[PDB]
Each structure stands twice: as structure tokens, then as C-alpha cells.
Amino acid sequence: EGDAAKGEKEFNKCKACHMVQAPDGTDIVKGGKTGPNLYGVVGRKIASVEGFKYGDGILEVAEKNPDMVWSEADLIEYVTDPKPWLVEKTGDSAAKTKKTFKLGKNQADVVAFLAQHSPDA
């Protein structure tokens, strides 16, 4: 049972690279642009943010699984350890990505925070 209040704090480990900004430009969490905006990520098609330059592996996940979206379960796994998640979904041990950051605790909490800011999932 993820706690979005705890997740908001844990998101300080994500905001160097990611923002959470609503479609009207309102910052929920002011953050970087190295990774894509995470507002609305829960239920969002994998690797589908307009203009973002994704790595080959995550694009392959989306290409080979056209109906795939970010579920809460997949988010928890990916946040925990991104690379093996990509290997799992692509079936390719050499799946690319420069994104290896692993969150070691409170993963369901951060995902609850992301879900709070995906009001239309």
C-alpha cells in the first residue's frame, strides 16, 4: 500500500532528472529535463512523451508491445532496477540505456506519488 506523502519526499532522488509538470505548465515538482516529464505517467504508453529522445531498449519495448502502458506493478519494478526490467521486456540481454538509477526502498511510495499526479489514469 504505497504512501504518496512518503513518495513525494523520495522523489527528491528523481527530480535531478525529472519534473512533474501539469499540461497547463504548473510545476508539481520542479525538476530536470534529462528524463521525461512524469506527470501522468501512470497508464501512459511506454516511451511516448513528445519530443523526448529515448534509448533504444525502451523504444523496443514500446515497438514490440504496442498496447503496453506504465502500470503500477511495472513502475515499481522499473524504479527498483531499470536495466533488468528492459532486458525482461525486450528479451535482449544487451538492451540499451544510460538510465540505471535504482531506488532501494519506498518504491511503492514513489509510485503512489506518481499515481496521485496521474489523475486521469
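From 1 onward, residues are counted along the sequence shown.
Higher mean CA temperature factor between 58-66 and 81-89: 58-66, per the PDB entry. Here the stretch with the larger average CA B-factor, out of 48-56 and 35-43, is 48-56. Compared with the other modelled residues of the chain, the Cα B-factor recorded for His18 ranks in the lowest third. Per the PDB record, residue ranking by Cα B-factor puts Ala121 in the highest third of the chain. Among all modelled residues in its chain, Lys99 ranks in the middle third by Cα B-factor.
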